[PDB]
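Presented below is the structure to which this report refers.
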Amino acid sequence: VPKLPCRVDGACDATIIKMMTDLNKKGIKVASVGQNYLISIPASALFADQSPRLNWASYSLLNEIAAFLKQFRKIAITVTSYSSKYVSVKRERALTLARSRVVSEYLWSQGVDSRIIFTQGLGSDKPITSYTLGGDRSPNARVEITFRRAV
Amino acid sequence: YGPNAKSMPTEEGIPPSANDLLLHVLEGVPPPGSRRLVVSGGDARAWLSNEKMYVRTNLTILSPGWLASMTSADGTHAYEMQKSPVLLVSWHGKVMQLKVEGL
Amino acid sequence: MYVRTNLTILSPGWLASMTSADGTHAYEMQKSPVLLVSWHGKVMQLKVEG
Amino acid sequence: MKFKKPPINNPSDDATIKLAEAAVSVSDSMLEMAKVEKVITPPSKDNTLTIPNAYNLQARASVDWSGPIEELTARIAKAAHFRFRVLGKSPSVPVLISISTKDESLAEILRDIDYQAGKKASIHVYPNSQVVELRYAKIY
Amino acid sequence: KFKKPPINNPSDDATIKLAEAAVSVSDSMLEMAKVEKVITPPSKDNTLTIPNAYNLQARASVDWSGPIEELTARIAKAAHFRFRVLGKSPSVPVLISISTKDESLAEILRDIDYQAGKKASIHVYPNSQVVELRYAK
Amino acid sequence: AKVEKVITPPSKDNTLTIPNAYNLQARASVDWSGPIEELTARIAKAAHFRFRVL
Amino acid sequence: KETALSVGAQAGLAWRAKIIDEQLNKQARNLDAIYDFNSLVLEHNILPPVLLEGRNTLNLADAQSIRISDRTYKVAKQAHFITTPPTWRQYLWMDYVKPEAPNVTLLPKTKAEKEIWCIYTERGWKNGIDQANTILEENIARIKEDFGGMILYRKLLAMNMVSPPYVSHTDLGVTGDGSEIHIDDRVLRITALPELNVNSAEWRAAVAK
Amino acid sequence: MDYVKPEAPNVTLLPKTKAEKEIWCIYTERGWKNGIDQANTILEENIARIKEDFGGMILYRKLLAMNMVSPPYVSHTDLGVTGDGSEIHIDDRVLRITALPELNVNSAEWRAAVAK
Amino acid sequence: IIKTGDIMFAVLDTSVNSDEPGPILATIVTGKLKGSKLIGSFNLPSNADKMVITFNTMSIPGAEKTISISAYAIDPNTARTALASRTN
Amino acid sequence: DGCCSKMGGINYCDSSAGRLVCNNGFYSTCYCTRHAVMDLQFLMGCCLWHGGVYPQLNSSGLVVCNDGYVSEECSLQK
């Protein structure tokens with residue numbers, strides 16, 4: 038029993054609430070439905086203009102979201118990438134697939150725990166808002182991660 | 259066969275099917291004459307009757323080898339095996355070790 | 311079917327299989343028209359019939 | 023700006039958790055039992071033909087009885103102002119009916135009663151003669 | 024002012040799961056009873072109808088445990104009806120036990136025939152004021 | 056393992072295809088462990104199909 | 060020390076037993092509602108027997124010798140006569156007795172003794188808690204097994220896999236001497252026990268919709 | 153490797169002065185080194201044993217590829233339903249192996265190989 | 862079966878002075894033997910700094926038997942062989 | 039033991055989960071029952087992956103396992 042862990046290691050729910058509060062202060066969307074979690078990031082704070090090149094400052098927020106994702110115990114996580122319609126459906130589908138691939142590879146490089154990482158790119162097929170005035174400044178240019186906290 | 263007979267014939271037969279106690283293990287009923295054990299590691303129950311570990315769970319055991327397995331209709335499983343303080347299981351693609359006391 | 315021999319059987323499988331001390335075997339199984347008989351490390355086939 | 027999932031009840035009990043965990047399994051086994059038995063046995067007749075509805079039967083009731091049938095149907099006959107009738111002899115083993123329901127008709131109460139009794143007794147009604155009859159099971 | 028909540032209400036997840044499962048098992052076993060119960064048509068039932076003549080409307084307090092024929096002849100004597108038999112009585116007597124404080128003779132004989140079942144029958148004629156017993160073959 | 060494993064082409068696979076008839080699209084919950092003939096006669100009667108065995 | 064451990068165990072076990080008996084007394088009607096017995100009885104008041112089914116059984120007898128059985132069925136408890144339906148109280152109710160004998164030979168002298176007495180009482184309380192939970196778990200597992208055997212007999216009887224019980228009733232009229240008389244002697248014997256058919260004809264199939 | 157923390161500090165004779173305390177320290181260091189080397193030796197023997205096991209396995213696989221050994225063979229039987237009126241078994245199949253693997257003394261059944 | 866030299870607890874009621882012989886009884890209050898009682902006697906030491914009780918006659922309820930285990934006594938929570946009295 | 043901090047505090051232990059449930063509507067991180075998934079991949083004890091420690095009383099310092107393995111590392115040597 039003293040050898041048995043009373044808590045799961047590296048768990049503090051106060052820190053969980055603190056970093057969720059700071060995430061919503063930063064404005065990236067965080068949602069919990071029962072035991073399922075979905076996080077959405079705008080692509081304007083991550084990439085360049087319609088290109089899968091990563092800004093050097095974005096790795097700090099990548100470290101923060103990896104530290105958040107370290108907390109839960111889960112088996113499978115899924116990343117999806119949404120963008121705008123630019124030239125062809127093929128172009129933005131490939132761009133979303135590449136962006137999801139790169140962020141998934143970085144997340145596997147970081148020490149997050151899962152057995153399955155699924156990555157999908159969808160482009161501009163499901164707009165969350167009909168306000169399609171902007172390009173990459175439009176908020177539908179985004180990346181989502183979904184999982185379920187299991188026990 | 260004479261009283262001075264050198265050898266007796268070799269006899270075999272059908273091997274036995276299963277133990278009757280395993281069905282009570284599937285129900286979770288401990289067998290008579292046994293005693294309860296301590297399970298550490300998750301959802302599993304264990305007993306010792308006749309120098310054999312009897313374990314009711316729904317996971318899949320890996321390391322020490324078991325002598326008999328029984329399946330329910332709901333994924334519940336019963337294992338009759340050797341006595342061992344440690345167990346290895348696969349949960350959902352993750353490897354776990356189980357500590358058993360009372361041996 | 312009941313069989314008395316001094317060789318082994320591979321494919322059909324007995325229902326009972328006894329032997330004496332000197333090396334004579336008596337096997338018993340269900341009736342199959344074909345037998346796979348092993349002797350001296352090698353395998354041959356026997357066709358039984360009524 | 024805090025966060026909270028909706029369902030927050032009173033604190034629970036582990037033994038009740040175990041009871042519900044057993045009960046859902048028993049309910050599933052009994053439910054597939056009922057489905058497969060319904061499949062293998064098509065129905066034949068409905069008890070509405072034996073006991074039909076009538077007037078002054080629409081007064082309602084909520085009951086909780088877990089004893090012999092006779093005092094219960096005597097109370098029912100007293101409420102319905104219908105003449106009691108008994109056919110046959112009661113067996114040595116009593117007939118025990120446990121009922122926990124609420125707000126249903128007298129006709130529905132009696133139909134549930136005869137369905138629960140099954141092969142031990144039966145219920146007939148004659149509103150033309152305004153009588154209610156219990157017939158025992160003639161057996162052996 | 025204070026519409027009070029239900030007292031013994033299931034305010035726990037275990038309690039609502041338990042009560043819901045109890046509801047399910049009650050309804051499903053009720054359906055099991057419905058599909059297993061066998062009934063009879065009300066036209067083909069082997070029941071004695073009531074000829075409702077005025078001589079059968081008398082009341083009595085009768086307890087009896089034994090054979091049928093003496094009781095039925097006594098009933099016919101009390102109701103001023105002739106009584107006759109048909110067939111052959113069995114070697115083992117047909118024994119019927121009844122007990123009543125206040126009952127009319129027509130439904131008394133109806134329950135007598137209900138106790139008799141398969142081995143005997145009674146035909147009552149109110150035109151020629153007779154009651155006739157008929158054994159089985 | 057790749058040079059060891061040998062499997063069948065879909066040219067000569069002896070698997071029965073779906074007949075895609077109208078009446079054969081029903082849902083069922085079925086548990087059985089026994090002889091095949093009574094089960095398939097039951098299935099043919101439930102699907103309103105004539106059944107024979109040679 | 061050890062005495063503190065034992066009295067803490069006794070107090071915790073009795074406390075948890077009273078708590079769980081209180082909860083069982085409080086939840087009354089849904090309990091026996093979900094655990095019916097009188098609905099499952101037979102025509103001539105005979106308790107139905109108990110069945111068990113295992114699937115995919117494998118026995119390594121030794122090296123070079125394995126045996127596989129697909130489905131195994133067991134008659135566990137044989138059917139017999141009965142007078143009253145069983146209840147849950149003979150399977151789930153806990154014994155209660157409060158130990159009201161604090162025979163103190165180890166009187167607390169110092170606060171260190173008092174505090175180690177307190178923590179020994181704490182772990183005895185916890186041991187009584189888990190012991191009562193274990194007993195209740197074994198009880199509910201046993202009654203689940205009993206109900207499952209009853210419903211398995213019902214299913215295999217409906218599926219034409221078991222033989223029904225056969226009971227003969229013999230009826231005699233008056234009997235006895237001139238001092239003792241019985242009105243109608245009726246003696247019924249269950250000649251045939253239920254059993255599992257083995258032939259290939261009795262098997263019945265079903266299909267849901 | 154099996155690990156149990158030891159809890160047996162016992163002294164027969166304490167070192168009295170600084171010189172014998174110093175030699176107590178250096179002999180403790182010598183024992184520390186000896187225990188380290190002993191554990192390394194045991195671990196190395198375990199490594200050698202498991203290497204022996206896997207090498208024997210792959211040697212059998214290569215020999216069966218070379219057609220130097222007999223393959224194993226197993227008889228299998230199966231019956232209908234069985235058991236008494238209380239207990240029954242639906243499908244009862246029994247697998248007993250008969251032909252153990254062994255070397256073949258005749259040389260002509262051995263196929264050579266050539267890489268590229 | 863009782864292991865050689867174990868420790869039980871009892872309460873004595875029949876008090877006596879160290880002057881004249883008399884049977885003194887205690888009552889076993891815990892352990893495996895419950896309801897058992899024990900009659901015995903005393904000894905007089907040369908110096909009055911301690912006192913022990915010669916306990917020999919033990920009676921156990923349930924079965925009509927009378928064992929003769931010889932045992933002595935110790936002061937609880939002091940674990941010494943003295944006596945609770947005055948020496949002046 | 040402080041688990042549901044910056045929340046409503048602990049409500050009750052889900053025994054079917056073996057996990058605490060806070061007054062805030064979330065599953066807590068601390069464990070309550072020992073029938074739970076703690077990722078324990080390291081433990082002590084000798085004669086492991088064997089028949090356990092043989093409980094016989096031996097004069098010498100060697101300790102054997104019940105399956106025939108010799109636990110000389112758990113034993114002491116001289």
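Chains as they are written, first to last, in PDB author numbering: chain GK, 38 to 188; chain HH, 259 to 361; chain XH, 311 to 360; chain HD, 23 to 162; chain Hd, 24 to 160; chain Gd, 56 to 109; chain CC, 60 to 268; chain BC, 153 to 268; chain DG, 862 to 949; chain GN, 39 to 116.
C-beta: ideal position from N, C-alpha, C; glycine also.
Handout entry: Range covered by the alpha helix (DSSP H) that runs through Hd:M55
Key = Your numbering for residue 55 of chain Hd matches position 32 in the fifth sequence. Looking at the DSSP string, the run of the alpha helix (DSSP H) that includes Hd:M55 is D36 to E59.
Problem - Other residues of its chain near GN:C42: CB distance less than 6 Å, five sequence neighbours each side excluded - result: Along the tenth sequence, one-based indexing puts residue 42 of chain GN at 4. Within the same chain, GN:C42 has close Cβ partners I48, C60 and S66.
Problem - Beta-carbon proximity of HD:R157 to HD:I73, cut-off 8 Å - result: For this step, residue 157 of chain HD is matched to residue 135 along the fourth sequence. For this step, residue 73 of chain HD is matched to residue 51 along the fourth sequence. Contact: no.
Problem - Chain-ordered chain XH contacts of BC:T234 [CB-CB under 7 Å] - result: Start at 1 with the first residue of the eighth sequence, and residue 234 of chain BC comes out as number 82. None at all; the shortest Cβ gap to chain XH is about 12 Å.
Practice task
Take every Cβ of the stretch 78-90 of chain Gd, pair it with every Cβ of the stretch 108-122 of chain Hd, and state whether three or more of those distances are shorter than 8 Å.
Solution key: no
Handout entry: Neighbourhood of Hd:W87 by C-beta, 8 Å cutoff - its chain only, sequence neighbours within 5 removed
Key = On the fifth sequence, residue 87 of chain Hd is found 64 positions in, with the first residue counted as 1. Around Hd:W87: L94, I119, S120, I121 and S122.
Problem - Residue range of the unbroken alpha helix (DSSP H) whose run includes BC:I202 - result: Within the eighth sequence, residue 202 of chain BC is the residue found at index 50, counting from 1. It spans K170 to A217 - the alpha helix (DSSP H) in which BC:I202 sits, taken as one unbroken run.
Practice task
Could you say if the stretch 181-188 of chain GK and the stretch 73-80 of chain GK meet the contact criterion of at least three C-beta pairs nearer than 8 Å?
Solution key: yes
Problem - Residue range of the unbroken beta strand (DSSP E) whose run includes GK:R179 - result: Sequence index remark: in the first sequence, residue 179 of chain GK carries index 142 (1-based). Note, GK:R179: beta strand (DSSP E), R179 to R185.
Practice task
Confirm, please, whether the CB-CB distance from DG:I914 to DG:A943 is below 8 Å.
Solution key: Walking along the ninth sequence from the start, residue 943 of chain DG turns up at place 82. Walking along the ninth sequence from the start, residue 914 of chain DG turns up at place 53. The answer is no: Cβ separation not under 8 Å.
Practice task
Show which residues of chain Hd have a CB atom less than 7 Å away from the CB atom of HD:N31.
Solution key: Residue numbering aside, residue 31 of chain HD sits at position 9 when the fourth sequence is read from its first letter. By Cβ distance, chain Hd contributes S34, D35 and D36.
Handout entry: Paired residues, beta bridge with Hd:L128 - DSSP
Key = Within the fifth sequence, the letter at position 105 stands for residue 128 of chain Hd. Answer by DSSP bridge pairing: none, since Hd:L128 is not bridged.
Problem - Cross-chain neighbours of GK:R152 in chain HH, by beta carbon under 8 Å - result: Here residue 152 of chain GK refers to the residue found at position 115 when the first sequence is read from its first residue. Correct list: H350, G351 and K352.
Problem - Own chain, CB closer than 8 Å to XH:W349, minus 5 neighbours either side, in chain order - result: The residue you call residue 349 of chain XH lines up with position 39 of the third sequence. Same-chain partners within the cutoff: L317 and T318.
Practice task
Give a yes or no on whether the minimum CB-CB distance between BC:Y155 and chain GN is below 8 Å.
Solution key: Within the eighth sequence, numbered from 1, the residue matching residue 155 of chain BC stands at position 3. Judged by the 8 Å Cβ criterion, BC:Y155 is in contact with chain GN.
Handout entry: Own chain, CB closer than 6 Å to CC:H241, minus 5 neighbours either side, in chain order
Key = Position 182 of the seventh sequence holds residue 241 of chain CC. The residues are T234 and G235.
Practice task
Give the DSSP-derived three-state secondary structure of CC:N115 in the structure shown.
Solution key: The residue you call residue 115 of chain CC lines up with position 56 of the seventh sequence. Here CC:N115 sits in strand by DSSP.
Practice task
With HD:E93 as the anchor, note down where its alpha helix (DSSP H) starts and where it stops.
Solution key: Along the fourth sequence, one-based indexing puts residue 93 of chain HD at 71. Element bounds for HD:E93: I91 to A102.
Handout entry: Below-8 Å beta-carbon distance, GK:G71 vs any chain A residue
Key = The structure shown has no chain A; the protein chains it does contain are GK, HH, XH, HD, Hd, Gd, CC, BC, DG and GN.
Handout entry: Nearest residue (CA-CA) to CC:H103, options CC:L119, CC:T229, CC:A73 and CC:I141
Key = On the seventh sequence, residue 103 of chain CC is found 44 positions in, with the first residue counted as 1. Residue CC:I141 is the option with its Cα nearest to CC:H103.
Handout entry: Proximal residues, the stretch 120-132 of chain CC versus chain Gd, C-beta separation under 8 Å
Key = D129 and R130
Problem - Validate contact between the stretch 297-305 of chain HH and the stretch 68-77 of chain GN using beta carbons, cut 8 Å, 3 pairs - result: yes
Exercise for the section: Since I believe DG:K898 is in contact with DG:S920 (beta carbons under 8 Å), could you give me their beta-carbon distance rounded to a whole number of angstroms? Expected result: One-based indexing of the ninth sequence puts residue 920 of chain DG at position 59. One-based indexing of the ninth sequence puts residue 898 of chain DG at position 37. 5 Å between Cβ atoms; contact.
Practice task
Label GK:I165 either buried or exposed according to how many other C-beta atoms from any shown protein chain fall within 10 Å of its C-beta, with 16 as the threshold for buried.
Solution key: Along the first sequence, one-based indexing puts residue 165 of chain GK at 128. Classification for GK:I165: exposed.
Problem - Stretch pair the stretch 161-169 of chain CC + the stretch 193-209 of chain CC: three plus CB contacts closer than 8 Å - result: no
Problem - Near the ligand FMN: GN:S97 beta-carbon under 7 Å from a heavy atom - result: Here there are no bound small molecules, and the ligand FMN is not part of this structure.
Exercise for the section: Please classify CC:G67: is it buried, with 16 or more other beta-carbons within 10 angstroms of its beta-carbon, or exposed? Expected result: In the seventh sequence, the residue the question calls residue 67 of chain CC occupies position 8. CC:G67 is buried by the Cβ-count criterion.
Practice task
Consider the Cβ of HH:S327: report whether some Cβ of chain CC lies at a distance smaller than 8 Å.
Solution key: The residue given as residue 327 of chain HH occupies position 69 in the second sequence. So yes, HH:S327 belongs to the interface.
Practice task
Determine the closest residue to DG:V872 out of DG:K911, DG:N878 and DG:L886, with distance taken between C-alpha atoms.
Solution key: What you label residue 872 of chain DG is simply residue 11 of the ninth sequence in a count that begins at 1. Minimum Cα distance to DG:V872 is reached at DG:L886.
Handout entry: Bridge partner(s) assigned by DSSP for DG:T942
Key = Reading the ninth sequence from its first residue, position 81 is the one you call residue 942 of chain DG. Answer is none; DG:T942 lacks a bridge partner.
Problem - CB contact below 8 Å: BC:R213 versus chain XH - result: On the eighth sequence, position 61 is the one that residue 213 of chain BC refers to. No, no contact with chain XH.
Practice task
From the DSSP output, in three-state form, read off HH:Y312 for me.
Solution key: The count along the second sequence starts at 1 and reaches residue 312 of chain HH at position 54. In this structure, HH:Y312 counts as strand in the three-state DSSP scheme.
Practice task
Under 8 Å between beta-carbons, which chain XH residues line up against HH:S265? List them in chain order, please.
Solution key: Here the question's residue 265 of chain HH lines up with position 7 in the second sequence. Those are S330 and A331, listed as they occur along chain XH.
Handout entry: Below-8 Å beta-carbon distance, GK:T183 vs any chain HD residue
Key = Numbered from 1 along the first sequence, position 146 holds the residue referred to as residue 183 of chain GK. Not closer than 8 Å to any Cβ of chain HD, the Cβ of GK:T183 fails to qualify, so no.
Practice task
Check the Cβ of HH:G323 against every Cβ in chain GN and list those closer than 7 Å, keeping chain order.
Solution key: To locate residue 323 of chain HH, count along the second sequence from 1; it is residue 65. What HH:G323 touches in chain GN: nothing, since even the nearest Cβ is about 11 Å away.
Practice task
Using three-state DSSP, classify XH:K357 as helix, strand or coil.
Solution key: Here residue 357 of chain XH refers to the residue found at position 47 of the third sequence. Of the three classes helix, strand and coil, the one that applies to XH:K357 here is strand, per DSSP.
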